[PDB]
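*Asks:* Chains as they are written, first to last, in the entry's author numbering: chain SU, 14 to 116; chain Sc, 6 to 66; chain SQ, 3 to 140; chain SF, 14 to 212; chain SZ, 25 to 93; chain ST, 3 to 144; chain SR, 3 to 72.
Handing you a structure now.
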Amino acid sequence: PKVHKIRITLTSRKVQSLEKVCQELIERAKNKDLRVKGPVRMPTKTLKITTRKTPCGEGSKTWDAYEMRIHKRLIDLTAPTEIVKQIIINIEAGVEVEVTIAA
Amino acid sequence: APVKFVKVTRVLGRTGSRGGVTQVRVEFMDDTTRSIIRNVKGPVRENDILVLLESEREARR
Amino acid sequence: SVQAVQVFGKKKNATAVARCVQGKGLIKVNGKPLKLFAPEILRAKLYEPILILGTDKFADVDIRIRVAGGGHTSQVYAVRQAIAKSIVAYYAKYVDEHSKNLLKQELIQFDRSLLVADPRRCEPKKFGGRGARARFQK
Amino acid sequence: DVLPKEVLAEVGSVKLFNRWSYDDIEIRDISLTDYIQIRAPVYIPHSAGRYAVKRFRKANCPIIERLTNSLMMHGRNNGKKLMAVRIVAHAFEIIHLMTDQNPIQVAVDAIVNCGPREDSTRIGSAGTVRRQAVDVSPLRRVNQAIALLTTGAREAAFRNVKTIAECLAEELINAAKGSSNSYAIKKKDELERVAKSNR
Amino acid sequence: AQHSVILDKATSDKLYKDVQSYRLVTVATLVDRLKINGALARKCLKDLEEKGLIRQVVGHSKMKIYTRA
Amino acid sequence: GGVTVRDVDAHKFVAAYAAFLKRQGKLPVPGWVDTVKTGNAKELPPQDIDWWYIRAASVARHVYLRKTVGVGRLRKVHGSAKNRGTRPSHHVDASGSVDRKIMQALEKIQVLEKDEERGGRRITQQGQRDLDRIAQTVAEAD
Amino acid sequence: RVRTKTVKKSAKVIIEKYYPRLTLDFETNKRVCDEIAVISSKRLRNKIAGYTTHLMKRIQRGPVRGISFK
RNA sequence: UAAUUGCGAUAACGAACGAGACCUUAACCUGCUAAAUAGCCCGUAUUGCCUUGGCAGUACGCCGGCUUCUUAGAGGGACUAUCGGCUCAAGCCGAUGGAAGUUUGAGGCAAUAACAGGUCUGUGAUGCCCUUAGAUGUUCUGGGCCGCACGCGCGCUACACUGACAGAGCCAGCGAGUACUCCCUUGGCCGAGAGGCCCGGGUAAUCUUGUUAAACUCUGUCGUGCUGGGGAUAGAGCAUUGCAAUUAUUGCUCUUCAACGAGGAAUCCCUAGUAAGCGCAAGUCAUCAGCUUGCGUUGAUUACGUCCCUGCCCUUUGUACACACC
Ligand SMILES: [Mg+2]
Ligand SMILES: [Mg+2]
Ligand SMILES: [Mg+2]
Ligand SMILES: [Mg+2]
Ligand SMILES: [Mg+2]
Ligand SMILES: [Mg+2]
Ligand SMILES: [Mg+2]
Ligand SMILES: [Mg+2]
Ligand SMILES: [Mg+2]
Ligand SMILES: [Mg+2]
Ligand SMILES: [Mg+2]
Ligand SMILES: [Mg+2]
Ligand SMILES: [Mg+2]
Numbered sequence: 014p015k016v017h018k019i020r021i022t023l024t025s026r027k028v029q030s031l032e033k034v035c036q037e038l039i040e041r042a043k044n045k046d047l048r049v050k051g052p053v054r055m056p057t058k059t060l061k062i063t064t065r066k067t068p069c070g071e072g073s074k075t076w077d078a079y080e081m082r083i084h085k086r087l088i089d090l091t092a093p094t095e096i097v098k099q100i101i102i103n104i105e106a107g108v109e110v111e112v113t114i115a116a
Numbered sequence: 006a007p008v009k010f011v012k013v014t015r016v017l018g019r020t021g022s023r024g025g026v027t028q029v030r031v032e033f034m035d036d037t038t039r040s041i042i043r044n045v046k047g048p049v050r051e052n053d054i055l056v057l058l059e060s061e062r063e064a065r066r
Numbered sequence: 003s004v005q006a007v008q009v010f011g012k013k014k015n016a017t018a019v020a021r022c023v024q025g026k027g028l029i030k031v032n033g034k035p036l037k038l039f040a041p042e043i044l045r046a047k048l049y050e051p052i053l054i055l056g057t058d059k060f061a062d063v064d065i066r067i068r069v070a071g072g073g074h075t076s077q078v079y080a081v082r083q084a085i086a087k088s089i090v091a092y093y094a095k096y097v098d099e100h101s102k103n104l105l106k107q108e109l110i111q112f113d114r115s116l117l118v119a120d121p122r123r124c125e126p127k128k129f130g131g132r133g134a135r136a137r138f139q140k
Numbered sequence: 014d015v016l017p018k019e020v021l022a023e024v025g026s027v028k029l030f031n032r033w034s035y036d037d038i039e040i041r042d043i044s045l046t047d048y049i050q051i052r053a054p055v056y057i058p059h060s061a062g063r064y065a066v067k068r069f070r071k072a073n074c075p076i077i078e079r080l081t082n083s084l085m086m087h088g089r090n091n092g093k094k095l096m097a098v099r100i101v102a103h104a105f106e107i108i109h110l111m112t113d114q115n116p117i118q119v120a121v122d123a124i125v126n127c128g129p130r131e132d133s134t135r136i137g138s139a140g141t142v143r144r145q146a147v148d149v150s151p152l153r154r155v156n157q158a159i160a161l162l163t164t165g166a167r168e169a170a171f172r173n174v175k176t177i178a179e180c181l182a183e184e185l186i187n188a189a190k191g192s193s194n195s196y197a198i199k200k201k202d203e204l205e206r207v208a209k210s211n212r
Numbered sequence: 025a026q027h028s029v030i031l032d033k034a035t036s037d038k039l040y041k042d043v044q045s046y047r048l049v050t051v052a053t054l055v056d057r058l059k060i061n062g063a064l065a066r067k068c069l070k071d072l073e074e075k076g077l078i079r080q081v082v083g084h085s086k087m088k089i090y091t092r093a
Numbered sequence: 003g004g005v006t007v008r009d010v011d012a013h014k015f016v017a018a019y020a021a022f023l024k025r026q027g028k029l030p031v032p033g034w035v036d037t038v039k040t041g042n043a044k045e046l047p048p049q050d051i052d053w054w055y056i057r058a059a060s061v062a063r064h065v066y067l068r069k070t071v072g073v074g075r076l077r078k079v080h081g082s083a084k085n086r087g088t089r090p091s092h093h094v095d096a097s098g099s100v101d102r103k104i105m106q107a108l109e110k111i112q113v114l115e116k117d118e119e120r121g122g123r124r125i126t127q128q129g130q131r132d133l134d135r136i137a138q139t140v141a142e143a144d
Numbered sequence: 003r004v005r006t007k008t009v010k011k012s013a014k015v016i017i018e019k020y021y022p023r024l025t026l027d028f029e030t031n032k033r034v035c036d037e038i039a040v041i042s043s044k045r046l047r048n049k050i051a052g053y054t055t056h057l058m059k060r061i062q063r064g065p066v067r068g069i070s071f072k
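Listed below in structure tokens is the structure:
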């Protein structure tokens, strides 16, 4: 049982679904008497595309701005290697998760 | 020239074809009994003081 | 322990964070003293919080300020705001506010903008700032 | 210590300009007060005010600020207020040596004298003009006086060996009295003359 | 219209007998009535400065003004 | 009391440091003077004859205040706008050789040294105290 | 600054259903409204609270037509 | 009243769309939840100067403390509240407080009925007609779309001293970035210059990047002369991109030094961080932005109106018009 000081990164487009994942994940580890470090707030990355409305070029000239936003909220923990497998189970749609032992 | 000083006591609408001119009621501030009607070109508030080169012209309406 | 309080002043995009520590009457901004950090003609807009109040009221105060972002004249408006906020915040915490209320009332009577910021930003538009392109035949 | 030795000279006395005090203001006329603001002194004119939100809010503003802003025009000089403040300060020194009076003493009398008192208004006559020769409000008088003084200096210094520092200075002393050889006086009397005809 | 880049005795004497009465002396003034070039006017400006006849009021990279002593 | 670089006006300090290096009289010169443009954006060589020496004094002044600097950073620090003709102007950087050799020659004067641990050039133990000593030449000059 | 029918109609029913529970104070009336009503916007709730406290100020001096409470 | 927004009157009563509500964003929180891919105080080590006890920097801490500044979550905050003056009412005008009092500021979405508006050259959406092996299919070589006595539109650079040139001083924000092949690029050396070579970082709040941009500020030179204002036109040389640069792709050095002195009749845009000045990022992209979509810096003059011109909405009224005053 050797601690490896794990770190977990998250990504999703929704904002409400992602937040409650961390809320239950921190509680799933806190009750197990594990020293947990806070849910840092990474910058939101917004990317946009602008294009002209008309498909032929006639008439007045008008554009529209599409948008897309991403949030991260990465988390890290100090725990053994095998225990962390059972703590990240039962995740819902939308949120993507990446595991790093950070040994 | 016997230039006279007057002070504004009331503003009465905006006249003119394009609203540039305004119509005010003035007070001679030396003989408080007399009062006439004049026209002014610029922005005007109550208790403003105006200078009159001649005091016998009056104005329409 | 040591008596200190932190205040900040803002402009369009100029942030001036300041820490006032009980000292001996020394004021320096970005390391350099007040002799340097300003355009020569704009140096006048830095001393007002002192003359209106008096140098005798800066007997044992030390101030260090770090400022970044914005422009030349925007920055000097931020730092002059931090000086006013530093002296009034330190007085509230550690000494009777009879000075502070007298400090606050006198300071804003000369100029309200010394203690409060002016909210102003730009507006995006699809023609430029606010004007459109030229028309051919109306 | 923390302040330069120069400013320690004035801190003991009443607050004032770089050199000149706003005390001993003229007693010459009426109807021009309440629109030229000198009760609140300013060290340097430059200020980020809120004078363009209401009707008469800009009436409560130092005249030097009003003069300084109007000095920068004609495309090239847009937003270059730092240059304008330097010109005003240097011009104020030039007039001081040629006349023992205060530089603001000259500037105030220049404005109060070059403001037209009557003007002709445009009333349609189906292609003709029924100029009625209306009166002028005090606020417009000071606003138009500033424009006349500044545009005269800007015209003279164009393609001239002289600089705007003293071209502006020489007009103010000219406009202090009835010199009649200044740009402002030439236009002011011309406007009043045509108004009399259309009475 | 054109001025003189060199200073002769006909112009040198003009300085030392007339500048004692000037209220202001500037680059424009010398080019105006002395009919001399601006470069010479600046040269004439600094040489007499140390001679102790005029005093500086304000100094700047744009304009310079001097008055009586 | 004690003074440092930050305690003196920048314009007179660099001028003062130009005067000191006259009396020391030991700064390498590679013959580039009187021919170089000091920048692609420009058109005329510098007017003042001892421009190679006044620039070095100012260059060593900011390295005293900056932690790591290289030739590339100084190339664009000294750049300015270029008149491309009738097209709108842009921003281009200064010459590389001028700024590179002015600090390569400044290496052997024992003013600042290399920083191979992470890159760039930093100020040396005895280099920084030399520029501190000339500060008192200006502060009490008052 | 004129209030529409949704603000005015909703204010009428609140006053007659719960007259004594809310008073001339604007701050207290703000907390009365959200407990006894379903409002989907904070700004909409503020406007409703603003009008109902205005109505009772003139109620204090004589009744007004269009209003009836027990 | 910004509004068929309301107060109300009423042969009408009760309702459905549009407006408003609403959604994104810009301004406020020393209160909550926090953070070595964001900072500060503090403690070690260490440097210079006064020496004091000081002042200004360096490197380290990973449970030493903390969250004002940075960051994104949960919520709070304005309702015209309070005060004074008009009115029966809906409401309007001024002041005080306050981060904020025009619907707080700026946007997204947006009804019925229509036009012979634009698009078959966006679509493997599509009727009919046409050509289909000497092809209107596809593909390879070469050229053209840029050809110039002339008229018109959207822009760029200027006619200088409120300027040009030379040294020094020195302040932003929104964004983009590595494959089955190199995409943004720090540092070192060589090189007048543009460029070249060798290690290396970053799939990115971690590296480029503090993108120390331009205008601007201080000190000098030139001196009103179309002159050191202005950079069109043209010769020669050295380089980079690509399979290929001539009808020059673009970039750098030397030389050539045109018109143009504030512009006729006419005419476009605009109300506060707004006009104008100046630069940066992205889009198209092997290379080329004087164009567009966004970002910040500096920052004003003038109105707080009217229906006179060019037009819009509702009512009364006239008509020989209904393809509707062309
Ligand atoms: Mg735009
Ligand atoms: Mg703009
Ligand atoms: Mg344009
Ligand atoms: Mg331009
Ligand atoms: Mg809105
Ligand atoms: Mg073509
Ligand atoms: Mg590699
Ligand atoms: Mg970093
Ligand atoms: Mg020429
Ligand atoms: Mg590009
Ligand atoms: Mg195009
Ligand atoms: Mg009839
Ligand atoms: Mg009919």
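Think of the CB as a built atom: it goes at the ideal place given N, C-alpha and C, for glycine as much as any other residue.
#1: Do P129 (chain SF) and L204 (chain SF) have their C-beta atoms within less than 7 Å of each other?
#2: Going along the stretch 7 to 34 of chain ST in order, which residues come within less than 8 Å of chain SQ, judged by CB to CB distance?
#3: Specify, as a first and last residue, the run of the alpha helix (DSSP H) that residue 207 (chain SQ) falls within.
#4: Taking three-plus beta-carbon pairs below 8 Å as touching, is the stretch 31 to 46 of chain SQ in contact with the stretch 33 to 46 of chain Sc?
#5: Can you tell which of SF:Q145, SF:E183, SF:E184 has the C-alpha that lies nearest to the C-alpha of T20 (chain Sc)?
#6: Quick check: the Cα distance between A189 (chain SF) and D122 (chain SF), rounded to an integer number of angstroms?
#7: In chain SQ, which residues lie less than 9 Å from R99 (chain SF) when you measure between Cβ atoms?
#8: Check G11 (chain SQ) in the structure and name its three-state DSSP category.
#9: Starting from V16 (chain Sc), trace the beta strand (DSSP E) in both directions and tell me its first and last residue.
#10: What separation, rounded to the nearest whole angstrom, lies between the Cα atoms of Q106 (chain ST) and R21 (chain SQ)?
#11: Interface residues of chain Sc around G191 (chain SF) at Cβ under 7 Å?
#12: Using the rule of at least 16 other Cβ atoms within 10 Å of the residue's Cβ for burial, across every protein chain shown, is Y93 (chain SQ) buried or exposed?
#13: Given this structure, state the Cα-to-Cα distance separating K34 (chain SQ) from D9 (chain ST), to the nearest angstrom.
#14: Can you pull the chain SF residues whose beta carbon is under 8 Å from the beta carbon of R47 (chain SZ), in chain order?
#15: Specify, as a first and last residue, the run of the alpha helix (DSSP H) that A17 (chain ST) falls within.
#16: Measuring only the C-alpha atoms, how far is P126 (chain SQ) from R65 (chain Sc)?
#17: Beta-carbon of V125 (chain SF) versus every beta-carbon of chain SQ: anything under 7 Å?
#18: Taking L185 (chain SF) as the query, report the chain SQ residues whose CB atoms sit under 8 Å from its CB, ordered along the chain.
#19: Identify the continuous alpha helix (DSSP H) that holds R47 (chain SR) and give its terminal residues.
#20: Could you name the residues that DSSP lists as bridge partners for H84 (chain SU)?
#21: Between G92 (chain SF) and the rest of its own chain, which residues show a CB-CB distance below 8 Å, the 5 nearest in sequence each way excluded?
#22: At a CB distance below 8 Å, what residues from the stretch 36 to 55 of chain Sc approach chain SF? Give them in sequence order.
#23: Mind checking who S40 (chain Sc) pairs with in its DSSP beta bridge?
#24: Taking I29 (chain SQ) as the query, report the chain SF residues whose CB atoms sit under 7 Å from its CB, ordered along the chain.
#25: Determine which residues share a DSSP beta bridge with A6 (chain SQ) and list them.
#26: Taking the alpha-carbon positions, what's the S73 (chain SU) to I62 (chain SU) distance?
#27: Spatial neighbours of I69 (chain SR) within its chain, please: CB distance less than 8 Å, with the 5 preceding and 5 following residues excluded, ordered by chain position.
#28: Identify every residue that forms a DSSP beta bridge with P35 (chain SQ).
#29: Determine the DSSP secondary structure at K86 (chain SZ), reduced to helix, strand or coil.
#30: Which residues in chain SQ have a C-beta closer than 9 Å to the C-beta of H59 (chain SF)? List them in chain order.
*Replies:* Once the coordinates are examined:
#1: Counted from its first residue, the fourth sequence places residue 129 (chain SF) at position 116. Counted from its first residue, the fourth sequence places residue 204 (chain SF) at position 191. Yes, Cβ-Cβ distance for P129 (chain SF) and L204 (chain SF) is below 7 Å.
#2: Taken in chain order, the members of the stretch 7 to 34 of chain ST whose beta-carbon sits within less than 8 Å of a beta-carbon on chain SQ are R8, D9, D11, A12.
#3: Nothing about residue 207 (chain SQ) can be reported from this structure: the residues present for chain SQ run from 3 to 140 only.
#4: Short answer: they don't touch.
#5: For the purposes of this step, residue 20 (chain Sc) is identified with residue 15 of the second sequence, where counting begins at 1. The option with the nearest alpha carbon to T20 (chain Sc) is SF:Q145.
#6: As a first step, residue 189 (chain SF) is located in the fourth sequence; it is residue number 176 there, counting from the start. As a first step, residue 122 (chain SF) is located in the fourth sequence; it is residue number 109 there, counting from the start. Approximately 5 Å, taken between the alpha carbons.
#7: The residue given as residue 99 (chain SF) occupies position 86 in the fourth sequence. Contacts between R99 (chain SF) and chain SQ, judged by CB atoms closer than 9 Å, involve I43 in chain order.
#8: Taking the first residue of the third sequence as 1, we reach residue 11 (chain SQ) at position 9. Three-state DSSP puts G11 (chain SQ) in a strand.
#9: Position 11 of the second sequence, counting from 1, holds the residue named residue 16 (chain Sc). Element bounds for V16 (chain Sc): 9 to 19.
#10: Mapped onto the sixth sequence, residue 106 (chain ST) falls at position 104. Mapped onto the third sequence, residue 21 (chain SQ) falls at position 19. A straight-line Cα-Cα distance of about 41 Å links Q106 (chain ST) and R21 (chain SQ).
#11: Residue mapping note: residue 191 (chain SF) aligns to position 178 of the fourth sequence, counting from 1. Listed along chain Sc, no residue sits closer than 7 Å to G191 (chain SF) by beta-carbon distance, the nearest being about 15 Å off.
#12: If you number the third sequence from 1, residue 93 (chain SQ) lands on position 91. The residue in question, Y93 (chain SQ), is buried, as its Cβ has 16 or more Cβ neighbours within 10 Å.
#13: Residue numbering aside, residue 34 (chain SQ) sits at position 32 when the third sequence is read from its first letter. Residue numbering aside, residue 9 (chain ST) sits at position 7 when the sixth sequence is read from its first letter. Distance between the alpha carbons of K34 (chain SQ) and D9 (chain ST) is about 6 Å.
#14: As a working mapping, residue 47 (chain SZ) is identified with position 23 in the fifth sequence. By Cβ distance, chain SF contributes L110, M111.
#15: On the sixth sequence, position 15 is the one that residue 17 (chain ST) refers to. Run containing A17 (chain ST): 12 to 26, per the alpha helix (DSSP H) assignment.
#16: Along the third sequence, one-based indexing puts residue 126 (chain SQ) at 124. Along the second sequence, one-based indexing puts residue 65 (chain Sc) at 60. About 49 Å.
#17: By one-based count along the fourth sequence, residue 125 (chain SF) stands at place 112. So no, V125 (chain SF) is outside the interface.
#18: Taking the fourth sequence and counting its residues from 1, one reaches residue 185 (chain SF) at position 172. Per Cβ cutoff of 8 Å: no residues; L185 (chain SF) is ~21 Å from chain SQ at best.
#19: In the seventh sequence, counting from the first residue as 1, residue 47 (chain SR) sits at position 45. Looking at the DSSP string, the run of the alpha helix (DSSP H) that includes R47 (chain SR) is 44 to 61.
#20: Along the first sequence, read from residue 1 onward, the residue named residue 84 (chain SU) stands at position 71. Beta-bridge pairing links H84 (chain SU) to SU:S25.
#21: Reading the fourth sequence from its first residue, position 79 is the one you call residue 92 (chain SF). So the list reads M85, once near-sequence residues are dropped.
#22: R43, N44, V45, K46, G47, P48, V49, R50, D53, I54, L55
#23: Here residue 40 (chain Sc) corresponds to residue number 35 of the second sequence, with the count starting at 1. Paired residue(s): Sc:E32.
#24: For the purposes of this step, residue 29 (chain SQ) is taken as the residue at position 27 of the third sequence. Those are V15, listed as they occur along chain SF.
#25: Position 4 of the third sequence, counting from 1, holds the residue named residue 6 (chain SQ). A6 (chain SQ) is bridged to SQ:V23.
#26: Taking the first residue of the first sequence as 1, we reach residue 73 (chain SU) at position 60. Taking the first residue of the first sequence as 1, we reach residue 62 (chain SU) at position 49. When rounded, the distance between both Cα atoms is 20 Å.
#27: Along the seventh sequence, read from residue 1 onward, the residue named residue 69 (chain SR) stands at position 67. Cβ neighbours of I69 (chain SR) beyond the five flanking positions: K14, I17, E18, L57, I61.
#28: Translated into the one-based positions of the third sequence, residue 35 (chain SQ) becomes position 33. Beta-bridge pairing links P35 (chain SQ) to SQ:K30.
#29: For the purposes of this step, residue 86 (chain SZ) is taken as residue 62 along the fifth sequence, with counting starting at 1. Correct three-state label for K86 (chain SZ): coil.
#30: For this step, residue 59 (chain SF) is matched to residue 46 along the fourth sequence. The contacting residues are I43, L44, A46, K47, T75.
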